[PDB]
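# Observations on the three-dimensional arrangement
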Amino acid sequence: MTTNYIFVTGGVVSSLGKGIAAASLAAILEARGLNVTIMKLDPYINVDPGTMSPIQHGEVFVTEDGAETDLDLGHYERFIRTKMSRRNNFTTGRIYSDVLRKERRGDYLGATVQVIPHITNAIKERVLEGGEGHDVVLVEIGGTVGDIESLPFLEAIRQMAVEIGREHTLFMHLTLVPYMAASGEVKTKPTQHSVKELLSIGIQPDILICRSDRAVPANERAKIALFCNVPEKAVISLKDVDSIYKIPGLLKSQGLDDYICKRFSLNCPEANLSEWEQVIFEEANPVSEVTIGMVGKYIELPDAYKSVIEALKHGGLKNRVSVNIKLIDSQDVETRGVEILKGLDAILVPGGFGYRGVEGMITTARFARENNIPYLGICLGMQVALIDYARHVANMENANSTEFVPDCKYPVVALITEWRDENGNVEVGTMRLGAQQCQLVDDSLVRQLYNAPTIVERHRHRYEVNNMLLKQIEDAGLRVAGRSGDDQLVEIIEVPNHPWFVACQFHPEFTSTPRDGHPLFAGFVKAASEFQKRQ
Amino acid sequence: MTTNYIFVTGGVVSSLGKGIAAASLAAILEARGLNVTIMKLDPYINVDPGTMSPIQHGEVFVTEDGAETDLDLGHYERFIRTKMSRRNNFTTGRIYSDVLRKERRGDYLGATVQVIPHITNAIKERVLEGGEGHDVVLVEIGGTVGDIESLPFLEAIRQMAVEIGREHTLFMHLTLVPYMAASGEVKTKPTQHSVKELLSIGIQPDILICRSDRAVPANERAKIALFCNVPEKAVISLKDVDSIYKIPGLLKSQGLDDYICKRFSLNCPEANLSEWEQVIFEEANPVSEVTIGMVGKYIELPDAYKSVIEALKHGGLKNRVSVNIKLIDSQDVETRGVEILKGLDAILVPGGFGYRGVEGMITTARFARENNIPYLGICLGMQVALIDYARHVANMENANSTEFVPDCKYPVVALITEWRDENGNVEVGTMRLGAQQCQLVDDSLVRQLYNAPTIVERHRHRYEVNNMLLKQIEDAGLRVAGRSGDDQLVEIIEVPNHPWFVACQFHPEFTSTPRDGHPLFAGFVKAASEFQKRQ
Amino acid sequence: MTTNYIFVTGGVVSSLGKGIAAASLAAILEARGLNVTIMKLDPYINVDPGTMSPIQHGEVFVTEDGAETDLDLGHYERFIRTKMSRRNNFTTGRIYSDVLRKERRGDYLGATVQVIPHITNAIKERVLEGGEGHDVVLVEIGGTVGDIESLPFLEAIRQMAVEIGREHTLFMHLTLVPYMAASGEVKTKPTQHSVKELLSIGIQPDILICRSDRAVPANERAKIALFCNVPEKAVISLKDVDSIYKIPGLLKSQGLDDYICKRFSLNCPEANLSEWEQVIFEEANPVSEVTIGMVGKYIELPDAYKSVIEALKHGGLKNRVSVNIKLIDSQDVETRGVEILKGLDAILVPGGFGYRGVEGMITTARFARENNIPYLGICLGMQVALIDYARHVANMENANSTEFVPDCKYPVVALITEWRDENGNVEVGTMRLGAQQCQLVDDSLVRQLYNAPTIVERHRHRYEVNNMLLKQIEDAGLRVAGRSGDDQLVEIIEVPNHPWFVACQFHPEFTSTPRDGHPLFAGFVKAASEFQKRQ
Ligand SMILES: Nc1ccn([C@@H]2O[C@H](COP(=O)(O)OP(=O)(O)OP(=O)(O)O)[C@@H](O)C2(F)F)c(=O)n1
Ligand SMILES: Nc1ccn([C@@H]2O[C@H](COP(=O)(O)OP(=O)(O)OP(=O)(O)O)[C@@H](O)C2(F)F)c(=O)n1
Ligand SMILES: Nc1ccn([C@@H]2O[C@H](COP(=O)(O)OP(=O)(O)OP(=O)(O)O)[C@@H](O)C2(F)F)c(=O)n1
Ligand code: NA
Ligand code: NA
Ligand code: NA
C-alpha cells in the first residue's frame, strides 16, 4: 500500500493558518483510522530555530527526540496523536548545509552541484524520510507561491508528484478571498492570479482552501472552479472561526476528507469527530471566568508563548473555566512595582534567556508567594521562584543565576560545571533537549495532579538548580517535588505553605492538548478558579 | 461515441509549421480509418483574409463553398480527403463582429459583454460547429503562447477541455529547440519556459512537438519531459525535412498516433502510410528534370503562390519529372525585357490584382506563344494571354482590362456590368467565389486532360472575358476551351497552333493534391518535359 | 567619482558567450583609458570549482592570488589587463556557506535569516567588494533569466540599481534571435518574451545584445526596441564570428561604448582598438600551417583545456602560423599504439589528475623524445616526461608517481612528505596554487625564450619531482631548466639532445593572451613550424 502525499501551499499572503488547516485535515483523516503525519518545510536559511529569538519567530517547539522546530509542530501534535520528530521539520538552511558538506567532502564526484537536481533531490529525500510508512503525509510548504524563497521546495514536490504518480499525490493550495466594503462582496481575483502563478511553477492545484473573514458563497466558489481547472466540490470555504477546534468539522462538512479518500483509493469509515465536538462544547460553555497574568520578557509577540497560551486554554476546558490571559511585561514590574499584578486570580512566569526583565519576574514570584496567589513557573519561572525563596526566605543576599550575575556569592542556579557554594568550594554536554523521565516526590502537589510516580516531559535549558546550595533552601522550607538522572537534578519545586505553588524545569506546555489536557495546567486553572471564589 | 479534440498551440516562435504538423498528424489518423478534420483559429482582426494582400500573409485559399481562408486550409486538403469549408477557419475579427452584432441589437439582454464568458463562448460555439460529428478534431491556435492576441482562444480551449473532459481532449504544443554552434547542442530551455507560459494561462500540455534543424536526441527529450510534467513518450522530435510528405512517417515512427488513440480510447488498426510512401518514392525517383518559370508580381513572398508551387510539384510526381521553379518578377520583364525568360522549359503566370507588373505578364504570354514554350495562365494569367492575343494577333492595339485602364477602346476583360464593344455600345453576384461547374469544348486540349465534358474548379475573380469583343478574337484563331453558367462566361482559352498553351479563370491549384495530382498541371509538366527533350 | 555597474544577464538559452561579450565590452572601455574590471556570479552550489571535474565543467582557472575560479576569468584576463582575484568570482555555494556560518555562530542576533535581506545582502557586499575603486564594473550573472537558480542574484542587483541609483547602473541583457529556414527570417519573439520575464523579476533592461548566426537587421532591432522599452541605438547585433577578437570592433561599430560613457557621464577619448586590429590581421594572414597533437584524458570536452587551446592560438599569431589542434585521447595511445601520433608537427600533454590514460601520456612523451618531435608538457605533462626519461633512459624500472602507484620502487614524482629513494630511505600545506617566482637555469632553452633570469607563473598541483631520485635522472642526461622556493622544487625540465623539449610544473596557459602572447608557446609553435619544413 503506497504512501499518499498532500502538498499544502499558500498563495496571495502568509498568515493564512496553513499549519492549522493542515493539522485540522490530518485530525479528520486520523478520525477515519488512517495513519497520518505532517511535516513543515521552512524557507528560512537558519539551519533550525535554535538560534531564532522568541520575539521575532515565536516559540521554539521541542519534540520528544529533542529537535528544535517551528511552532507549527505544536499545532500538529495538538490535532493528531502521531508524535513529531526531527524528520517532521527542515529549513532551506538544513538542505544547503547538507549539500555543501557532501560537495566539499567530494560525494558528488566532480559534478556541477545545481538547484536541480542536487538541492531538489535533498528536499525529496527528507520528504520521503519523514513520510514513508504512513497512509497520508501532509507536506506544508512555508512561504507564499510567487516568492523566490519557496521555489526549490515547489520544484521538488512537482517532481515527486510525477515520480510517485498523481494516484498517490494531491496539491492543496490556500488563498485569500478578501471582502471589499465598497461592493459588499468577497473577491476571487487573487485566487485566480495565485493559481496561475502556481501553474507557472509547474503545479496544477487539485484542492483550493479559500480563507476569508466570512463563508465564501457558492457563486464565488463556482467562479474559482471555472478559472482554476478545479471541480466545485474541491473548492473549500475556510472562514475565520472563534475557535480553531471547529475547523476539522467545517472541512468534513464540505466533504474534503471524502474527496481525498476517493482520490487516494482509501476505503475507511466516516470521521468520528466526537472528541472535537466535546472540546467545542466545553469551550462554548464555561461556568466561571478567571484572569491569569503571564509575566515574561517576550510579550510584544504572544506567539513567543504559543504552547503556554494554548495549555492555559486546555486547563480552562477541563475545569469549564474561561481563562482571560493577561500578558504583563516583567520590565513594567521593575519600573512601576507590583501594583500591575493586582486583580490576578493566578500568575504564570514562562521560559526565557537573558537577565532583561528577570528581576521583575523574581519580584512577581515573591508577590505570588506572599499573597497566596496561585503560581506556575516554567524553566526561567522555576529559576526566579528558587531565587525569590533563597533571597527572601533562606536569607541568601543577592542569590541569582550565573547566566545573569556570573560571580554572585549564592549561585542557586548555574551550569553543572560552574556549581560552587557561598565560599567558592566545588565538587571532586550542557544543553538538555527533549523527553526525559522525572521521579515525583511522594505526598507532593504534582504527585497528586500527575497521579503517577514517574512522568515524561521535554527540556530546553542549560542552567540547573545548584545542588550544593539546595539543602540550605530546603531547610528554609522549600520542597523538591521532582528530580531526574544519575546527577539527581531538581525538575520541580513547591512552596507547601501556599494554596497552589508549582515550578518545573521542563516545558509541560509541549505535551498539553485540547482533547487530553494536562494534569499540571488543569490543577493550575482549578486553583485560579478557587482563589477567585474566596475574594 | 463522443468527438475528441486535439488543441495545437505554438511556443517560442511562429513559423514552426503548425499547419503542416497538424495536417501530417491528421493524415496518420485518417490512414487508421478515423473520421478526422482540422480547423485554424487566426488571431488577426480581419473578418476573413479576403481583404489581405498576397505579399502580406501569403495566398488567399478558397474552399468549395467559396470561403476566403488562411493558406493552412491548403495544407489540410493536401493531407486529408475531408473537405474544408467556412467553419474550418475563423478569426478574432469574425468572433468580435458576431458578438458586437448580437450586442448592438440586444441578444445579451442588458448584460455586460465580457471576454469571459461572451467572447470565449462565441469561440467554443464555432469550434463545436466545425468539430462535432468527427472522431478527432485538430484545432490549430494561430499566434505564439505568451502573446496578447491568442489569449481569448487559449482561455476558450482551456474551458472546453474541462467541460468535454480530459478523456476526449489533448493539448499538443510545438516549441523551437534551437542549435547553438558555440556548444554544438540543441537547447531545451525555450521549451521549458514556453510550457511554464502555457501553464500560466491554465493549460498543461499533454504532447510536445520539438521543432529543430536536426533530430532532438533522447537526453534532451528526457530533460523536456522532466521539467514539463509530460511523459518521455509524448515528447516528439520533428526535425527539418527535405520533403513534408515524410512528416507523417516521422511522427508515426515515434508512436504519436498510438498515444492519441490510447488517450481517446479509440480501437483502430495500425496506420497504412503506403500512399505517402508512394509520393516519397515518386519524388526521390525522377527520370527527367525541367525548369518552369513562374512570372508574377508577388514573388518577394513565395507563399503568395503556395498552392501553385505545390501543384507544380504534384505535376512532377505524376510524370516522374523534377520541377525547378524559378520565381521571376514580371516588373523585371518590363525593364530588362524577354532576356530573363530564356532557358525556361515552360512558363506559368499566376493570379493577381492591380496593374503593377501586368504589362510584363502580357509580354511573357507573347514570348511563350511566339516561341512555342509551354504556357499555363491562371486567372490574371488568362487575362494577359487574352490581352496578348487580342493586341498582337486580332490587332486590337492597347487592348486591356477595365481593372487597369477603365477607358480603353478594347476592354477584352471587364466586369459583366461594364461590358461594351469598340464603339462604346452595350447589351440588354459580381464576385465569383468557390466551386462552379465548367463545360469543356469537344475538340479542346483540356477536354482530353480532364477526360470529362464537365469539371468542378474554384473561382476567386471579378473581371470576366468581355463576350462582346470575344468573337473578333475567336475569328483571329483563339480557341474557347471551357465556359460556365447562364451567361456562358469564358473559363478556359487555348492557342491551338502551339504544343501546350492553356489559360483558365478558376484556380486549379486549390484541387491539386500530392496523392491524386491534377490533370491540368500533370499535362503542363509533361509538355515542359517534351519541350526540354526537343532542345 | 562613483563606481558604475553594468549587470550582464542572459535570456532564452545559455551558451550565448556572456563572458566573451562582457570581456569584449571591457576591452573597448579599457581602450578609452577607463579603469574597468569584470566579475562572474555562478549559480552552482559548489563553494568553488576546486571540486569540479574538467570533463563536466571545463578547466579550473587559477588567478595570481591562487583562487580556483570559472574559466570565464580566463576570457576576462585575455581581453583586459586588470588582474583577476578571488573577489572577481563567487558561487551560490559561497554565499549560502558565508550566511550559514554567520547564522550558526550567532551574527544575526536571533533574526529569521531569509533570502531577502540576508542572502541578497551577502551578494551585494561581495559585488561592492570586487567593484569599488573602478570606473566601470561588469557583473556577469550566470544562468538564464526565468530559471530558479539565478533569482537571488537578480533580486540583489535590482536592489543595488535602486540604492546606487540609475545614474551609475545599467542592465545589459543577452538574448537569442534564432534563424528559421522555413521563412528565412531571424525571430525577435524569444527576445520579447525574455525581456517580459526579466521585467517580471523587477529589472528593466537598458541594453539588449542580440545573439544570432547572422546580423540582426534594422527592422528586427526596431521591433525589439518597440516591445522592450529600449531605444533602437541600445539594441546591439552580435552575430556568430570566425574570431572572438573581432567582437570588440563589432560592438564599438554600433556605438555600445558611446551609449555607456554617455549614461555614466564619462568624458573619455575614442577607443583605440589598434592592438585588436593587429591580432585580427595576424590571425587572418598565416604564412604556414602546423598540426599539433594535444594528448590528454579530458578530450571529450575541449573546454577542459580552454586556456591551453587559446595559448596555442596565441603562439600561432606571434609566428604567423595556423595551428590545427588535434585532440588525441591518451587512452587510444594505450589501446592502438603510437600509430595515432603519426603526422604531428609537435605534441602537447596538458595537466590532469588520476592514473587513467597516464601510461598513454608516458608512451606519448617517449615517442616525442625518440623521434625528435617538439614536446611541451604542463604539470602532468612534466610528470610523464620525467617518468618516461627515468624509466627508458636512466633505467629506473616501473618509475611512476605515488598518485598512481603509491608503493612503486622509483617514485620520481611524489608529495614532499612521501619523498623516499629506491631503498625506502627518507630525509631528516601540500597543494600549490597561484603566482610563484621561478629561477631559470642559465643557457637553458626556457632562459632564452623567457629572455629573463626569474619568471612568475601559476601553480595548481600536489605531486612534485622527488629531489632524492633527481640526481640519477640528471646524470642519465636530463636537464633541470627551472627551480623555486627554499626547498628548490623542480619547475621546468629539458632534453637537450632534441630540437624543442620543454616541460613545466606551473600552468603557462593562464598568463598567455592574444595581444602579448607567451614566450614558451611562441617558441613551441615556432619549433613545430621548423619541424614541418624539415619533412
Ligand atoms: N483570466 C481572466 C479572467 C477574467 N477576466 C475578466 O474579468 C472581468 C470581471 O472582473 P472582476 O469582476 O473584477 O472579476 P471576477 O472574475 O468577477 O472576480 P472577483 O471575485 O474578484 O470579482 C470579466 O469582464 C472577464 F472578462 F472575465 C479576464 O479578462 N481574464
Ligand atoms: N526551472 C529551472 C530549470 C533549470 N534550472 C537550472 O538550469 C541549470 C542548467 O542550465 P542550462 O544548461 O542552460 O539548462 P538546461 O536545463 O540544461 O537546458 P538546455 O537544454 O537549454 O541547455 C541548472 O543548474 C538548473 F539548476 F537546473 C533552474 O534553475 N530552474
Ligand atoms: N505582446 C505581443 C506582441 C505581439 N503580438 C502579436 O504578434 C503578432 C506577430 O506575430 P509574429 O510574426 O510571430 O511576431 P513578431 O513580433 O513579428 O516577432 P518575430 O520576429 O519572432 O517574427 C502580431 O499580430 C501582434 F499582434 F503584434 C501580441 O499579440 N502580443
Ligand atoms: Na466580480
Ligand atoms: Na544544458
Ligand atoms: Na514576424
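- By the method listed in its record, X-ray crystallography, this PDB entry was determined to a resolution of 2.25 Å.

### Focus on helix α11 (residues 274-284) of chain C
Residue and element names in this part refer to chain C.
- Restricting attention to buried positions, one finds in α11 the residues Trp276, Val279 and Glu282. Projected down its long axis, α11 shows its buried positions confined to an angular sector of 120°, all on one face. Seen from the open side of α11, the exposed residues pointing more than 90 degrees away from its buried face are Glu277 and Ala284.
- Taken together, the buried residues of α11 touch α1 (18-30) and α12 (306-319).

### With respect to the relation of the copies chain B and chain A
- When chain B is fitted to chain A, the best match, at an RMSD of 0.4 Å, comes from turning it 180° and sliding it 0.3 Å along the axis. Viewed as a symmetry operation, the transformation between the two copies matches a two-fold axis. For chain B, the minimum C-alpha distance to the rotation axis belongs to B:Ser200 and amounts to 2.3 Å.
- An overlap of 100% is found between the interface residues of chain B and their copies at the interface of chain A, pointing to a shared contact surface.

### Points about a nonpolar patch on the surface
All names here are of chain B.
- Together, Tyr96, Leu100 and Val115 give the surface a local cluster of nonpolar side chains, amounting to about 250 Å² of exposed area.
- Along the chain, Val115 falls in helix α5 (residues 115-131).
- The class for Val115 is partly exposed, based on a relative accessible area of 39%.

### Comments concerning the nonpolar core
- Judged by nonpolar contacts, the single largest core of 125 residues is most densely connected at A:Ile6, A:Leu138, B:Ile6 and B:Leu138.
- A:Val127, A:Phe171, C:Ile119 and C:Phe153 belong to the second-largest nonpolar core, a separate cluster that totals 70 residues.

### Comments concerning the side chain of B:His134
All names here are of chain B.
- Mapped onto the elements, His134 comes out in the loop between α5 and β6 (136-141).
- Among the polar contacts made by the side chain of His134, one reaches the main-chain carbonyl oxygen of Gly131 at a distance of 2.8 Å.
- Other than its neighbours up to four places away in sequence, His134 contacts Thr3, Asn35, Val36, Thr37 and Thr82.

### Considering the UniProt feature "binding site: CTP" in chain A
Residues and elements named next belong to chain A.
- With numbering aligned to this structure, UniProt lists the feature "binding site: CTP" at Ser14, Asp147, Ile148, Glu149, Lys187, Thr188, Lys189, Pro190, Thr191, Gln192 and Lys223. A stretch of 210 residues holds the annotated residues, and the largest C-alpha distance among them is 29.9 Å, long enough that they do not meet in one place.
- If you trace the backbone, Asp147 turns up in the loop between β6 (136-141) and α6 (151-164).
- Taking the relative accessible area as the measure of exposure, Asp147 reaches 40% and is therefore partly exposed.
- Contacts of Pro190, omitting those with residues within four sequence positions, involve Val12, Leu176 and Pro178.

### A word on the packing of helix α12 (residues 306-319) of chain B against helix α18 (residues 519-534) of chain B
Residues and elements named next belong to chain B.
- One way to put it is that α12 packs onto α18 with a least axis distance of 8 Å and a crossing angle of 70°. As far as their axial angle goes, α18 and α12 are roughly perpendicular. You can see that α12 and α18 cross each other, and the crossing is right-handed. Here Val308, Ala311, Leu312, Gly315, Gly316, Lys318 and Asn319 of α12 come into contact with α18, specifically with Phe521, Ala522, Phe524, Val525 and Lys526.
- The class makeup of the residues in the contact of α12 with α18 is seven nonpolar, three polar and two charged.

### Overview of the domain arrangement of chain A
Residues and elements named next belong to chain A.
- For chain A, the domain assignment lists domain 1 (1-285) and domain 2 (286-535).
- Computed from C-alpha coordinates alone, the two centres of domain 1 and domain 2 are separated by 36 Å.
- Between domain 1 and domain 2, roughly 2700 Å² of surface is buried when both sides are summed, and carbon and sulfur atoms account for 57% of that area.
- Between domain 1 and domain 2 we count four salt bridges in total.
- Linking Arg458 and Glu77 is a salt bridge whose minimum nitrogen-to-oxygen distance equals 2.8 Å.
- If you look at where domain 1 meets domain 2, you find 12 residue pairs in polar contact.
- Elements supplying a minimum of two residues to the side of domain 1 that touches domain 2: α2 (54-57), β3 (61-62), α3 (72-77) and α11 (274-284).
- Partitioned by chemical class, the residues of the side of domain 1 that touches domain 2 number 13 nonpolar, eight polar and 11 charged.

### Thoughts on the UniProt feature "binding site: UTP" in chain A
Residues and elements named next belong to chain A.
- The UniProt entry lists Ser14, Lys187, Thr188, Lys189, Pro190, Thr191, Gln192 and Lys223 under the feature "binding site: UTP", expressed in the numbering used here.
- In this fold, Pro190 is placed in helix α7 (residues 189-200).
- Within the secondary structure, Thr191 sits in helix α7.
- Looking at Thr191, the relative accessible area reads 0%, which means it is buried.
- Aside from chain neighbours lying at most four places away, what touches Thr191 is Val12, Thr175, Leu176, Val177, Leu208, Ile224 and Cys228.

### As for the packing of aromatic side chains
- For the structure shown, the criterion picks out 31 aromatic pairs over all chains.
- Judged by centre distance (6.4 Å) and plane angle (25°), the rings of C:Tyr245 and C:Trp276 are stacked. Here C:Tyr245, found in the loop between β11 (235-239) and α9 (247-253), pairs with C:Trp276, found in helix α11; they are 31 residues apart in sequence, far enough to count as distant.
- For C:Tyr245, a relative accessible area of 5% gives the class buried.
- The rings of A:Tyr5, A:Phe7 and A:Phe171 are connected pair by pair, giving a single aromatic cluster.

### Observations concerning the site of ligand 1
- In the vicinity of ligand 1, the contacting residues are A:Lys187, A:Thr188, A:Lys189, A:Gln192, A:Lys223, A:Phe227, B:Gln114, B:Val115 and B:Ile116.
- Those chains with residues close to ligand 1 are chains A and B.
- Here A:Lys187 contributes a side-chain N or O atom positioned 2.8 Å from an oxygen atom of ligand 1.
- In the model, an oxygen atom of ligand 1 is placed 2.8 Å from a nitrogen or oxygen of the A:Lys223 side chain.
- For ligand 1, whose unbound accessible area comes to 610 Å², protein coverage reaches 63%.
- For the shell around ligand 1, the secondary-structure elements that each account for two or more residues are α7 and α8 (218-228) of chain A together with α5 of chain B.
- Classifying every residue of the shell around ligand 1 gives three nonpolar, three polar and three charged.

### Some remarks on the sheet that holds strand β17 (residues 411-414) of chain B
All names here are of chain B.
- Spatial strand order, β16-β17-β20: three strands in an open sheet with mixed pairing. Every interior strand has two partners, whereas the edge strands, β16 (400-401) and β20 (464-465), have only one.
- Across two bridges, β16 lies against β17 in parallel orientation. Of the residues in β17, the one forming a bridge with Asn400 is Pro411.

Definitions and cut-offs
- Residues numbered from 1 in each chain as written, not as in the entry; some residues may be left out.
- Chains lettered and ligands numbered in written order.
- Part of a larger assembly, values for the part shown.
- Heavy atoms only, no water.
- Buried < 20%, exposed > 50% of the residue type's maximum accessible area, 1.4 Å probe, protein only.
- Helix = DSSP H or I, 4+ residues; strand = E, 2+ residues; numbered from the N terminus.
- Arc of directions from axis to C-beta.
- Contact = heavy atoms within 4.5 Å.
- Least-squares fit on C-alpha atoms.
- Patch = residues over 30% accessible without salt bridge, like charges linked within 9 Å, V, L, I, M, F, W, Y side chains within 5 Å.
- Areas by Shrake-Rupley, 256 points an atom, 1.4 Å probe, with all protein chains shown as cover.
- Salt bridge = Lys/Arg side-chain N within 4 Å of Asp/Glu carboxyl O.
- Core = buried A, V, L, I, M, F, W, Y, C linked by side-chain atoms within 4.5 Å.
- Polar contact = N/O pair within 3.5 Å; in protein donor to acceptor, adjacent residues only side chain to side chain.
- UniProt positions renumbered as here; feature names shortened; annotations may be inferred.
- Axes fitted to C-alpha atoms, helices over the stretch in contact; angles between N-to-C directions.
- Parallel < 35°, antiparallel > 145°, perpendicular 65-115°, else oblique.
- Left-handed = near helix turned anticlockwise from the far one by under 90°.
- Nonpolar A, V, L, I, M, F, W, Y, C, P; charged D, E, K, R; others polar.
- Domains from an automatic or database assignment.
- Buried area = accessible area lost by both parts, 1.4 Å probe.
- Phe/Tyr/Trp six-rings, centres within 6.5 Å; stacked < 30°, edge-to-face > 60°.
- Near = heavy atom within 4 Å.
- Pairing = 2+ DSSP bridges.

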